[PDB]
Q: 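Below you'll find the structure I mean.
No hydrogens, no waters, no symmetry mates; every other heavy atom, side chains included, goes into these values. Here is how names work: the chains are called A, B, and so on, in the same order as the sequence lines, proteins then strands, and each is numbered from 1.
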Amino acid sequence: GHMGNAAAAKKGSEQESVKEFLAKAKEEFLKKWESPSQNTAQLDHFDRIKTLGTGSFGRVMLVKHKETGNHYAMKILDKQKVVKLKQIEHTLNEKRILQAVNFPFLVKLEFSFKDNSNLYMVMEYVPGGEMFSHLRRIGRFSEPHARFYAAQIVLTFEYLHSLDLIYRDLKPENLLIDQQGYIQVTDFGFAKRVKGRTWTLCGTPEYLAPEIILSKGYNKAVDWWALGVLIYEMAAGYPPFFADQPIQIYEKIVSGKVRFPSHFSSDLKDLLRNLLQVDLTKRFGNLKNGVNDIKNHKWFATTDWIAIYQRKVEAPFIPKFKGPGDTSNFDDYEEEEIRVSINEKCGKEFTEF
Amino acid sequence: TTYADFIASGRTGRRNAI
Ligand SMILES: N#Cc1cc(-c2cccc([C@@H]3COCCN3)c2)ccc1N
């Protein structure tokens with residue numbers, strides 16, 4: 001067979017230890033999921049420094065805690081805009097997930113609170129910014145570099161899926177790089193607790209699994225498809241399915257055909273053909289052996305999963321450190337006021353926040 | 001080439017969700 005006695009016993013033991021870890025992690029998650037933390041700071045505890053990003057209902061700002069001097073990333077959501085954009089449930093759910101999960105590659109919610117006008121999520125500041133910018137700048141990542149990041153996503157999805165959470169918005173834009181070169185996943189706006197199937201059309205076109213495009217009920221296997229897209233994009237510099245308009249992207253996704261750059265190793269192509277598998281009865285991560293088909297694949301043969309989890313592997317890339325509080329890895333935005341009305345808005349809708 | 005096709009797609013920047 002492929003393994004002698006010692007190696008097979010070691011692998012079996014490692015896999016049993018994962019089960020034991022996940023069972024404890026679920027117990028811890030469920031306690032926080034059922035009794036969420038609320039109201040752990042207030043706005044005047046922080047100095048505003050700079051806007052890191054701005055979008056439909058909110059903004060992310062670099063802030064400094066006045067007493068410790070620690071920097072944080074504060075997401076500010078305007079309650080009235082959340083209601084108008086039909087995002088109440090997603091907003092409450094994102095905060096409930098963030099305060100309940102605990103994993104080294106998931107961003108930590110350090111404080112949360114609300115006032116008359118806004119909701120505030122104070123998260124760790126991750127100064128390397130988005131993987132997206134580094135990838136577009138460098139062009140593509142070598143296979144060992146891509147593999148280092150891929151391994152973190154595999155472990156993070158193994159964790160999330162054990163909690164019955166589907167993630168649904170994997171892409172380089174959503175992965176931040178910390179000062180040690182490790183990944184931080186931040187955005188849980190599309191995540192859902194799903195033990196079986198779900199039906200919502202959500203995600204980003206290049207990363208959508210075929211079953212989402214085809215308006216099927218779908219499961220956590222969509223995240224394993226998305227991992228294939230991410231690994232491909234990291235190693236090639238462009239995603240596997242692209243075109244001028246989304247409908248043409250969707251035709252390519254459902255076709256069952258994918259082409260690879262000539263520099264991809266055979267091991268990488270084999271892994272990707274098994275992740276980017278249209279047929280759900282054949283897709284890695286969705287078979288009887290679950291995540292182990294991925295973790296035990298030849299492309300990951302050099303990966304020490306525990307050492308990745310313990311953050312003991314030297315990262316292949318460390319973002320330029322320009323001081324605690326430097327913002328060079330985020331874009332520049334016009335600075336707008338943080339208005340707090342004298343009257344409470346949408347109180348009932350956000351009681352749980 | 002595939003890379004040139006990617007540039008031509010106009011989808012090299014940050015991508016929005018559906
Ligand atoms: N540090 C940090 C930190 C930064 C962000 C963030 C900052 C700017 C832009 C974005 C966009 C948000 O939606 C599109 C993808 N990423 C996210 C979000 C959460 C954070 N903890």
Q: Could you tell me whether A:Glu14 and A:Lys295 make a salt bridge, using a distance below 4.0 angstrom between a side-chain N and a carboxylate O?
A: no
Q: Any side-chain donor paired with an acceptor under 3.5 Å for A:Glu110 and A:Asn70?
A: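 On atom types as modelled, these side chains do not qualify, holding no pair under 3.5 Å.
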Q: Kindly indicate, with the supporting measurements, whether the criterion side-chain contact (heavy atoms from CB on, under 4.5 Å) is fulfilled by A:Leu106 and A:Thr156.
A: CA-CA 8 Å; A:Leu106 296 176; A:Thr156 300; 3.5 Å; yes
Q: Considering non-hydrogen atoms only, spot the tightest contact between A:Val278 and A:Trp225 and give its length.
A: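 Scanning both residues, the minimum pair turns out to be N-CZ3, 3.9 Å.
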Q: Which heavy atom of A:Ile166 sits nearest to which heavy atom of A:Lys220, and what is that distance?
A: CD1-N, 3.6 Å
Q: Are A:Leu92 and A:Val101 joined in one hydrophobic group, where the rule is that I, L, V, M, F, W and Y side chains link up if heavy atoms are under 4.5 Å apart?
A: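 Yes, A:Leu92 and A:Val101 fall within the same hydrophobic cluster.
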Q: Can you see which heavy atom on A:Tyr120 is nearest to which on A:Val340, and at what distance?
A: OH-CG2, 4.0 Å
Q: May I ask you to say whether B:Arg15 pairs ionically with A:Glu173, meaning some side-chain N is under 4.0 Å from a carboxylate O?
A: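 Between A:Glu173 and B:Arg15 there is a salt bridge, with a charged N closer than 4.0 Å to a carboxylate O.
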Q: Compile the donor-acceptor pairs under 3.5 Å between side chains in residues 254-263 of chain A and protein atoms, sequence neighbours left out, one pair per line.
A:
unit_1, atom_1, unit_2, atom_2, d
A:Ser255, OG, A:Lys252, O, 2.8
A:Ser255, OG, A:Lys257, N, 3.1
A:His263, NE2, A:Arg140, NH1, 3.3

Q: Please report the closest heavy-atom contact between A:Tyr232 and A:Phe264, naming both atoms and the distance.
A: O-CZ, 3.8 Å
Q: Take a 6.0 Å sphere around CD of A:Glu314 and say whether it holds more than 12 heavy atoms from other residues, nucleotides or ligands.
A: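 Not buried by this count: 12 neighbours or fewer within 6.0 Å.
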Q: Is any NZ, NE, NH1 or NH2 atom of the basic residue among A:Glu211 and A:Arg283 found under 4.0 Å from an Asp or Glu carboxylate oxygen of the other?
A: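 The answer is yes: the pair qualifies as a salt bridge.
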Q: Taking all heavy atoms of A:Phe103 and all of A:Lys108, pick out the closest pair and write down the distance.
A: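 Of all heavy-atom pairs spanning A:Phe103 and A:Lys108, the closest is O-NZ, 3.3 Å.
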